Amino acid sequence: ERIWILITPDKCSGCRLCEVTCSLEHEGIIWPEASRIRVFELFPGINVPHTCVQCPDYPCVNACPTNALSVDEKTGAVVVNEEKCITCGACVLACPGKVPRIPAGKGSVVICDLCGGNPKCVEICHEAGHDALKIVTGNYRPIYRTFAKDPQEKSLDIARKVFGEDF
């Protein structure tokens, strides 16, 4: 059965243990901008975790000119062949949520691969007691795709909700 990461920004503490865990898992080093989940804090205390939602029409996969991106048949996650990637940015532009990220000196995009079915970001978030990330099990629902949006938009929405006309 497939999984999807449901995000509750107002429970995010900004601990960024999800970034430490993800980048250590996939890069073997601490590397905030290569984590496949990245937390945006554009105003202190308004923390917005951001990652792939596995759009069923995969705009990123279909935009790639070198076929470096494919879809894992088991998980539905995007899979990056780093050696075919020419860091052209087409997938970055195609993504409704601007999720693909090319960090300095990697020479490839990075995109969440759902840790092959057992997200380590969710586990550490739950272990720390925040539960800003939670797994939903079951078939994909089209509304999932509407969560791919620009993190600056989410940040500004939340700031206005918390602070009102004083923001």
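Residue positions are given as counts along the sequence shown, with the first one as 1.
Here 47-55 and 64-72 are compared by their mean Cα B-factor, and 64-72 comes out higher.
Looking at mean Cα B-factors across 14-22 and 150-158, the upper value is held by 150-158.
Ranked against the other modelled residues of its chain, the C-alpha B-factor of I111 as given in the entry falls in the lowest third.
When the modelled residues of the chain are ordered by C-alpha B-factor, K120 sits in the highest third. Per the deposited record, the Cα B-factor of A104 falls in the highest third when ranked against the other modelled residues of its chain. Remark: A132 belongs to the lowest third of its chain, ranked by C-alpha B-factor as recorded. When all modelled residues of the chain are sorted by CA temperature factor, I37 is found within the lowest third.
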